[PDB]
Amino acid sequence: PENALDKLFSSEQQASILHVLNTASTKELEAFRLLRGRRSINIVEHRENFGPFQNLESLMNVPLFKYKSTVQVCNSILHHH
């Protein structure tokens with residue numbers, strides 16, 4: 001986890017992003033431009049079938065997320081939640 005995506009964020013920043021990923025509706029997620037469309041549905045359905053996100057790296061398990069796009073999504077949620 002020393003090389004985890006999560007290490008790019010402080011613990012409080014990580015908690016703030018995870019809270020949104022774990023509680024926002026698809027409509028609320030689509031307010032983040034990078035999540036408009038299928039990504040928003042994917043986050044909500046993944047958390048329902050696999051559980052709430054415990055770390056940000058876990059977003060790479062969601063279709064349509066890669067490392068770079070995960071970082072960019074998290075940076076947007078951090079600033080605009």
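All residue numbers refer to positions in the sequence shown, counting from 1. Worth knowing before you read on, the calculation uses all heavy atoms, side chains too, and leaves out hydrogens, waters and symmetry mates.
The structure places NZ of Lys66 at 10.0 Å from CE of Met60, a figure rounded to the nearest 0.5 Å. Here the CD1-NE2 distance, from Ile77 to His19, works out to 11.5 Å after rounding to the nearest 0.5 Å. One distance of note links CG of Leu18 with OG of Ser58; it measures 8.5 Å at 0.5 Å rounding. Annotation: the span from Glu57 atom CD to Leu8 atom CG amounts to 9.5 Å, rounded to 0.5 Å.
Checked options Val71, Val73, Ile17; the residue passing with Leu56 is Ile17 (criterion: side chain to side chain contact (heavy atoms under 4.5 Å, CB included)).
Put simply, the side chain of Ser76 never gets that close to the backbone of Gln72: no donor and acceptor are under 3.5 Å apart. In this structure a side-chain-to-backbone donor-acceptor pair under 3.5 Å is missing from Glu48 to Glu45. Looking only at distances, no side-chain donor or acceptor of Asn42 sits under 3.5 Å from a matching main-chain atom of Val62.
Minimum heavy-atom separation, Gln14 to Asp6: NE2-OD2, 2.8 Å. For the residue pair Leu34 and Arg39, the shortest heavy atom distance occurs at O-NH1, 3.0 Å. Nearest heavy atoms, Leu64 versus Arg38: CD1-CB, 3.6 Å. Here the closest non-hydrogen pair linking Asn22 and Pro52 is OD1-CA, 3.3 Å. Minimum interatomic distance between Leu29 and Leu35 (heavy atoms only, all atoms of both residues): O-CB, 3.5 Å. Nearest heavy-atom pair across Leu78 and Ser16 is CD1-CB, 4.5 Å.
Side-chain heavy atoms closer than 4.5 Å link hydrophobic residues (I, L, V, M, F, W, Y) into clusters, and following such links, even through other members, never connects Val44 to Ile41.
Contact of the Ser40 side chain with the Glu30 side chain is registered, since non-hydrogen atoms from C-beta on lie closer than 4.5 Å. With a 4.5 Å cut-off on side-chain heavy atoms, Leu59 and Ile43 count as touching.
Residue pairs meeting the ring pair (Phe, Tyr, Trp, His ring centres under 6.0 Å) criterion with at least one member in residues 53-81, sequence neighbours excluded: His46-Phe53.
Heavy atoms from other residues, nucleotides or ligands lying under 6.0 Å from CG of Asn3 number 12 at most.
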Practice prompt. Let me see the working for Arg47 and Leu21 under side chain to side chain contact (heavy atoms under 4.5 Å, CB included), right down to the final yes or no.
Written response: CA-CA 8 Å; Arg47 79 186 184 211; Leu21 291 172; 5.9 Å; no
